[PDB]
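Reconstructed Cβ throughout: ideal geometry from the backbone, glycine too, with neighbour counts over all protein chains shown. No lab work stands behind these numbers, since they all come straight from the coordinates.
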Amino acid sequence: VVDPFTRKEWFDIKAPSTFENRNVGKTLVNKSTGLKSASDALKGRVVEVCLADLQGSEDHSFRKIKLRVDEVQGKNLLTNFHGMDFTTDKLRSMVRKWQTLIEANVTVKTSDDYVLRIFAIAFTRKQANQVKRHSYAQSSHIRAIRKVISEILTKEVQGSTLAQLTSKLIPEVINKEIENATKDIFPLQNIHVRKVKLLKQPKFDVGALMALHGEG
Amino acid sequence: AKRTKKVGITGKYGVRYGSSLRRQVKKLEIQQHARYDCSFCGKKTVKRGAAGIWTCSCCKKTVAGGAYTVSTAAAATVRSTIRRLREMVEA
Amino acid sequence: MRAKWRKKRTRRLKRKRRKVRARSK
Amino acid sequence: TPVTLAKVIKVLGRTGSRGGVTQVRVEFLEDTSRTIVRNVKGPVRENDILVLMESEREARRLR
Amino acid sequence: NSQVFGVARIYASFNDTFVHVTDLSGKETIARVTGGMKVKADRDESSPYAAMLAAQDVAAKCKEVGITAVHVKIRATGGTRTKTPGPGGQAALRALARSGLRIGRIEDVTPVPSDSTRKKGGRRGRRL
Amino acid sequence: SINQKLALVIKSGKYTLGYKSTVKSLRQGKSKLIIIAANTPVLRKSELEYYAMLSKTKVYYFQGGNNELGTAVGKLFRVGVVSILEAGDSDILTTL
Amino acid sequence: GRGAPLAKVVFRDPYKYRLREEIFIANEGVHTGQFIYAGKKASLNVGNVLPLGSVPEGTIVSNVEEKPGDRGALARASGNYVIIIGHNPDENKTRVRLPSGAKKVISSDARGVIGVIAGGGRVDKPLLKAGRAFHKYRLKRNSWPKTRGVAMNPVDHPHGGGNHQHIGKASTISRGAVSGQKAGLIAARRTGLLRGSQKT
Amino acid sequence: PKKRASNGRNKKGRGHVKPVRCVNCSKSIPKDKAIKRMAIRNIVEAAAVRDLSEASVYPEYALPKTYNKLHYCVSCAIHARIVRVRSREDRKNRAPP
RNA sequence: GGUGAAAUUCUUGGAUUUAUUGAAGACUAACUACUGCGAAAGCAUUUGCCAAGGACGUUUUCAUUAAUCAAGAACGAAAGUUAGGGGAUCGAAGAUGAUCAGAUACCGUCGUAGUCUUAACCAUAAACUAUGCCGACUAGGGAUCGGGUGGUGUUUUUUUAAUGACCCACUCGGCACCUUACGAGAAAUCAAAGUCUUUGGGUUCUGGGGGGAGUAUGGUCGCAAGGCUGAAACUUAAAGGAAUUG
């Protein structure tokens, strides 16, 4: 008897311009009223997006990005980075029977005071003539791999910010240097960064939000 | 020699009172009348003064705390959760 | 005749039996 | 209700508890790419014409 | 590309199905009906036919408001429960395809622990 | 670690134990390393920090109490501060 | 009369060159000769006096004020403490949980010491003795011994009388009874031995 | 009579392994025992793949698979036909088909 | 919701779902095996400390310092029990709703003690590999973990080098396995349950038909529940063990 789809508006969200598809989609609020604003009901939304749709490719579809609504500008609103996971089909589809699973996480606050807790998954693999059936790892080796992965993640994040982090996590260059950095201990297929998370935001940083946005 | 088998410091409570309550007061009298390790001076030199008051008698210090020991389980959880949340404030 | 309720009826046997001997003694 | 015509592709075999319901795959008589498994009551030969009250049930083995 | 996206969460369970539509955000839901609110038999609440009718009416409200292409998230009860989708989600997603809407980006989401709390039934089980 | 190489110091080189002898050696310039147990009062802690800033010696906060430092020097009592004159064999003076 | 001991704390008066003194119901861990920081912009230690807006969600604070400025009313007895529950930033109120399990919504500018009050664990030791309870009460107030109303006379209390010691009318006294009738179980929701839920 | 030389299933030289809950009835059965099957499904069934590929944007993208590793107990497995009881000799026939 | 189908209950004071954020506790799945480690009970997140430990290598060391164990001691799953601190999920007792000829039972919704932990008892299990422990010999095989050795072997790349991984062959130790029986067995079955009337390598416990009965009572331990020690009266011709046919 009220029918609120005569009330819900249409807002077009915009992504940081690290991603080639700046446009994503349109969310909806109820009416901008006195004492209760549509901007106020918009202040805290989190959007999950398939990184295939953002990058315009198809092979990159195994990832997902969490954007955070923080500012709105006149039927237009800007999003900020909040977290990254893989998708569950890919995480399970990697995890095989008969190989150890090297897995590590580290907490680090960046140059700007975003702290991030950042994860890295790598497996074991065969080597092209291995007649042994399974190929596990000694756990002292998995200790060495966690050490190297902790070093390389804290080095390739701590001296940067959200923008350079995004530019590193899109084309898979970190795990490229990881694979290249530990050919010399154990084989390790499927080296990946599976989960990054924002924990503590700095002060509101909306100038760097325009440094994401604002070109177009 | 051996004074008593199982009553300890509660020969001052005699044949009275019921053995159960003499158990609880045996344990808690051991606690509130035993010395403790002063972390401020590294000496086993503490005693109790009142509920809460724990004094170190060599380095002449005082510290508030549990009515029968230097610290309780509740205060252990309190110091850890304050340390956690203060760290994430720092972060 | 059967042994686990030899057992629980045995412990109740000993409970009733010990109480009544503690009455008389 | 837009009733659905169909045409028998091949039978599979009489199932159900008492045995008296066959399963046949049929093509919708206008969409040769779409055939579908379907429970039928009586006796079904090949290549004949079925009628359906719906097209999107495709019920399963019965016991 | 004049098609706008939404999210269809399909919660399949062995008592009921849920077909739920939100925006690209997570608050401000669009429209949800269930087979359990569709038919009245209390055991057909998780029927595939029930999820088919629920998907049809969610599609009706969805095309009436104008949402066209939808990211699908499908899941079970999960946790220490069943882990696995019942007879709902399959027929629901087929009916959502046969509706006339647009479906993309299906990935399973279902909540699953790193070894949660005890399951219910108590060590010897739901021995019936 | 630090315990092994401190045991190596007491084996080979030379030392002094105690606060008064430590500050006496530090005025006299015979010492190079000052090791402070972390349960020293902050006044005496920062006092020996000031004397180390005067004397250009190295200083290191032994992570524990003076009981742990007494175990680390092989004595059955507490040492608030232990001053390494020369290690003899340990590379502690080179590292850290 | 308390068990929870106190800290005579020496502050500096910012407006006149003197030493104004204050008495705190201490927490655990606080000690002689401790620098103690009070107010909003301070950092969250054990011993400091943050307000509830500037604590985060979920912090153990004791001697929590109830309304802004009234110098401490909640959670002050020997071993108590108030968990912060969860906020509402506009219309600035903070929800706390109170040592009776209570969920209260108090002023965000209410202060409080951080920690749990010293002298915890007091009531785990049996009194054992009329003598012990005698000195506990003769340093509080004259409410010990208590003679039972059923072992007085009928004139002295509504349970007295009889050739036995029994009461007769039901002993759950309502709230809309008058004075002189309220001596018993007062306006009871339920009686009897609680083999049941916390019901909150 | 000792029916199995493997007693159930394969400890052979531990002691205690952790127990695990049957999917159908939540019996806490130890993990060494307790029929394991790894079942994967496509999220859609075999008859709807052409339907969804006909009614999809983003042409020829992927089609992912639900994975699940269903644990089962003896009672639930034999009751629900994952396992059949086998002859005295083919008990040693350790081969899956 | 929940079920075999239902009802108990929760819901326009918005229940279930959605989203955001936080707290609280236990847990440590996917890796997960006919793999490891530990005296066993047992132990699966990272990282650090703390001390241990098996095996391997050894042209080191001492030179019988041993094997097995009555009394004796340590540890000892879980349930218990004594007070705390927690106490989320599951949850004996209890509540109901079902199912029933009845259901104080399985099924449903909750719910205390518990679950968790600190300090202290307890000392038991199908603690089961139902196979004492140390030794020597007796038969074929392929995978496996840990260490070693060799290879005109492979690979990583920056270039061969340094490994590290992989491959081939051996060796010690390890959890197992697959075939045959020379053998053993009452037999299922067994590389030890073999090397036994053709009877003896060192040694510790245990059983002597079934019930009675782990009861009696004496003793000791335990807060208690109960532990370890432990018969008799009388009764009965069986109790049984692998295997065949129905």
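Identify, please: which residue in region H:12-29 is within 12 Å of chain E (Cβ to nearest Cβ) and outside any strand (DSSP E or B) and is, among those, farthest from RNA strand I (Cβ to nearest atom)?
H:22
Report yes if some residue within region H:76-97 is of a type in the set (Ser, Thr, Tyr) and either under 14 Å from the mean Cα position of the chain (by Cα) or under 27 Å from residue E:108 (Cβ atoms) (or both); otherwise report no.
Checking region H:76-97: not a single residue is of a type in the set (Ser, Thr, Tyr) and either under 14 Å from the mean Cα position of the chain (by Cα) or under 27 Å from residue E:108 (Cβ atoms) (or both).
In this structure, does residue A:108 turn out to be part of a strand (DSSP E or B), within 14 Å of chain H (Cβ to nearest Cβ) and either more than 10 Å from RNA strand I (Cβ to nearest atom) or not β-branched (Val, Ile, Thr) (or both)? Explain how you work it out, then say what you get.
Values: part of a strand (DSSP E or B): yes; within 14 Å of chain H (Cβ to nearest Cβ): no; either more than 10 Å from RNA strand I (Cβ to nearest atom) or not β-branched (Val, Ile, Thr) (or both): yes.
No, not satisfied.
Those residues that are closer than 30 Å to residue A:29 by Cα and of a type in the set (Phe, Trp, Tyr), I need them from region A:64-122; list them, please.
Those that are closer than 30 Å to residue A:29 by Cα and of a type in the set (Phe, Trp, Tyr): A:81, A:86, A:114.
Can you name the residue in region F:4-48 that is within 16 Å of RNA strand I (Cβ to nearest atom) and small (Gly, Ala, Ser) and is also nearest to the other protein chains (Cβ to nearest Cβ) among such residues?
Only one residue fits best here, namely F:37.
Being more than 14 Å from chain H (Cβ to nearest Cβ) and within 10 Å of RNA strand I (Cβ to nearest atom), is that true of even one residue in region A:163-180? Outline the logic, then answer.
Here is the first cut: in region A:163-180, the ones more than 14 Å from chain H (Cβ to nearest Cβ) are A:163-180.
Subset that is within 10 Å of RNA strand I (Cβ to nearest atom): A:179-180.
Yes, region A:163-180 contains at least one residue that is more than 14 Å from chain H (Cβ to nearest Cβ) and within 10 Å of RNA strand I (Cβ to nearest atom).
Check residue H:9 against each of (1) more than 11 Å from chain E (Cβ to nearest Cβ); (2) basic (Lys, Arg); (3) out of contact with any strand residue (DSSP E or B) (no Cβ under 7 Å at 6 or more places or on another chain); (4) outside any loop (DSSP other than H, G, I, E, B) and name the one condition it does not meet.
With respect to (1) more than 11 Å from chain E (Cβ to nearest Cβ); (2) basic (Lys, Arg); (3) out of contact with any strand residue (DSSP E or B) (no Cβ under 7 Å at 6 or more places or on another chain); (4) outside any loop (DSSP other than H, G, I, E, B), residue H:9 is out only on (4).
Please work out if residue E:84 is over 18 Å from residue E:10 (Cβ atoms), polar (S, T, N, Q), within 16 Å of RNA strand I (Cβ to nearest atom) and at the interface with chain H (Cβ under 8 Å from one of its Cβ atoms). Give the steps one after another, and end with the answer.
Numbers: over 18 Å from residue E:10 (Cβ atoms): no; polar (S, T, N, Q): yes; within 16 Å of RNA strand I (Cβ to nearest atom): yes; at the interface with chain H (Cβ under 8 Å from one of its Cβ atoms): yes.
Answer is no for this residue.
Hey, can you tell me all the residues within region E:13-53 that are within 7 Å of RNA strand I (Cβ to nearest atom), farther than 30 Å from residue A:38 by Cα and in contact (Cβ under 8 Å) with a residue 24 or more places away in the chain?
Those that are within 7 Å of RNA strand I (Cβ to nearest atom), farther than 30 Å from residue A:38 by Cα and in contact (Cβ under 8 Å) with a residue 24 or more places away in the chain: E:13, E:14, E:15, E:16, E:45.
So which of G:62, G:100, G:78 is of a type outside the set (A, V, I, L, M), under 30 Å from residue G:133 (Cα atoms) and away from chain B (no Cβ under 14 Å)?
Exactly one residue qualifies, and that residue is G:100.
Being within 30 Å of residue H:16 (Cβ to Cβ) and of a type in the set (A, V, I, L, M) is the filter here; which residues of region H:31-86 pass it?
Selection gives H:34, H:35, H:38, H:39, H:70, H:74, H:77, H:78, H:80, H:82, H:83, H:85.
What strands (runs of 3 or more DSSP E) completely inside region E:1-63 contain at least 1 residues that are in contact with a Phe, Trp or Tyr (Cβ under 8 Å, 6 or more places away or on another chain) and hydrophobic (A, V, I, L, M, F, W, C)?
Numbers: elements: E:5-12, E:17-22, E:31-33.
Passing ranges, in order: E:5-12, E:17-22.
Please determine, by comparing only the residues of region A:71-95 that are surrounded by fewer than 18 Cβ atoms within 10 Å (Cβ to Cβ) and among the small types (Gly, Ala, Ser), which one is nearest to the other protein chains (Cβ to nearest Cβ).
That would be A:93.
Looking at G:72, G:86, G:53, which is the one that is surrounded by 11 or more Cβ atoms within 10 Å (Cβ to Cβ) and under 30 Å from residue G:133 (Cα atoms)?
When all the criteria are applied, what remains is G:72.
Please give the strands (runs of 3 or more DSSP E) falling wholly within region D:12-54 in which 3 or more residues are within 30 Å of residue E:56 (Cα to Cα), of a type in the set (A, V, I, L, M) and away from chain H (no Cβ under 14 Å).
Details: elements: D:21-27, D:35-40, D:49-52.
Answer list for region D:12-54: D:49-52.
Could you say whether any residue in region D:33-42 is surrounded by 10 or more Cβ atoms within 10 Å (Cβ to Cβ) and without any contact (Cβ under 8 Å) to a residue 12 or more places away in the chain? Before you say what the answer is, go through the steps one by one.
Here is the first cut: in region D:33-42, the ones surrounded by 10 or more Cβ atoms within 10 Å (Cβ to Cβ) are D:34-40.
The next check asks that each one be without any contact (Cβ under 8 Å) to a residue 12 or more places away in the chain; those that pass are D:34.
Yes, the conditions are met somewhere in region D:33-42.
Which residue out of E:72, E:58 is under 14 Å from the mean Cα position of the chain (by Cα), more than 9 Å from every other protein chain (Cβ to nearest Cβ) and more than 10 Å from RNA strand I (Cβ to nearest atom)? Walk me through it before giving the result.
Details: E:72 fails: more than 9 Å from every other protein chain (Cβ to nearest Cβ).
So the residue among E:72, E:58 that is under 14 Å from the mean Cα position of the chain (by Cα), more than 9 Å from every other protein chain (Cβ to nearest Cβ) and more than 10 Å from RNA strand I (Cβ to nearest atom) is E:58.
Being among the acidic types (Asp, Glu), in a loop (DSSP other than H, G, I, E, B), facing chain E (nearest Cβ under 10 Å) and more than 11 Å from RNA strand I (Cβ to nearest atom), is that true of even one residue in region H:30-45?
The answer is yes; a qualifying residue exists.
Looking only at residues in region E:109-124 that are within 25 Å of the chain's Cα centre (by Cα) and of a type in the set (D, E, K, R), which one is farthest from residue E:71 (Cα to Cα)?
Step by step, filter region E:109-124, then rank; the result is E:120.
Applying the selection to region G:103-122, what residues are more than 9 Å from every other protein chain (Cβ to nearest Cβ), in contact (Cβ under 8 Å) with a residue 40 or more places away in the chain and either in contact with a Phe, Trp or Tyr (Cβ under 9 Å, 6 or more places away or on another chain) or surrounded by fewer than 15 Cβ atoms within 10 Å (Cβ to Cβ) (or both)? Before you say what the answer is, go through the steps one by one.
Narrowing region G:103-122 to residues more than 9 Å from every other protein chain (Cβ to nearest Cβ): G:103-113.
Now restrict to residues that are in contact (Cβ under 8 Å) with a residue 40 or more places away in the chain: G:106-113.
Result: G:113, single match.
Is it true that some residue in region G:147-158 is within 14 Å of chain B (Cβ to nearest Cβ), part of a loop (DSSP other than H, G, I, E, B) and away from RNA strand I (no atom under 16 Å from the Cβ)?
There is no residue in region G:147-158 that is within 14 Å of chain B (Cβ to nearest Cβ), part of a loop (DSSP other than H, G, I, E, B) and away from RNA strand I (no atom under 16 Å from the Cβ).
If you go through region E:37-47 one residue at a time, do you hit one that is closer than 28 Å to residue A:79 by Cβ and of a type in the set (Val, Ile, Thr)? So that I can check it myself, show each step before the final result.
Residues of region E:37-47 closer than 28 Å to residue A:79 by Cβ: none.
No, because not a single residue in region E:37-47 is closer than 28 Å to residue A:79 by Cβ and of a type in the set (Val, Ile, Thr).
Would you check which residues across region F:1-29 are more than 11 Å from residue F:81 (Cα to Cα) and among the β-branched types (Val, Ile, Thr) and list them?
F:2, F:9, F:10
Among the residues in region G:17-28, are any in contact (Cβ under 8 Å) with a residue 12 or more places away in the chain, part of a loop (DSSP other than H, G, I, E, B) and not small (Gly, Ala, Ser)?
Yes, region G:17-28 contains a residue that is in contact (Cβ under 8 Å) with a residue 12 or more places away in the chain, part of a loop (DSSP other than H, G, I, E, B) and not small (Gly, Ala, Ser).
For residues that are more than 7 Å from chain H (Cβ to nearest Cβ) and outside any loop (DSSP other than H, G, I, E, B), scanning just region E:99-128, find the one that is nearest to residue E:1 (Cα to Cα).
E:105
Take region G:99-147 and flag every residue that is charged (D, E, K, R) and out of contact with any helix residue (DSSP H, G or I) (no Cβ under 8 Å at 6 or more places or on another chain).
Correct list: G:103, G:104, G:109, G:111, G:122, G:129, G:132, G:136, G:138, G:140, G:141, G:146.
May I ask you to list the residues in region H:35-84 that are surrounded by fewer than 15 Cβ atoms within 10 Å (Cβ to Cβ) and touching a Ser or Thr at 6+ places or on another chain (Cβ under 6 Å)?
H:41 - this is the single residue of region H:35-84 that is surrounded by fewer than 15 Cβ atoms within 10 Å (Cβ to Cβ) and touching a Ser or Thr at 6+ places or on another chain (Cβ under 6 Å).
When region A:87-102 is examined, which residues are found to be more than 6 Å from RNA strand I (Cβ to nearest atom), over 17 Å from the mean Cα position of the chain (by Cα) and without any contact (Cβ under 8 Å) to a residue 40 or more places away in the chain?
Within region A:87-102, A:93, A:96, A:99 meet the criteria.
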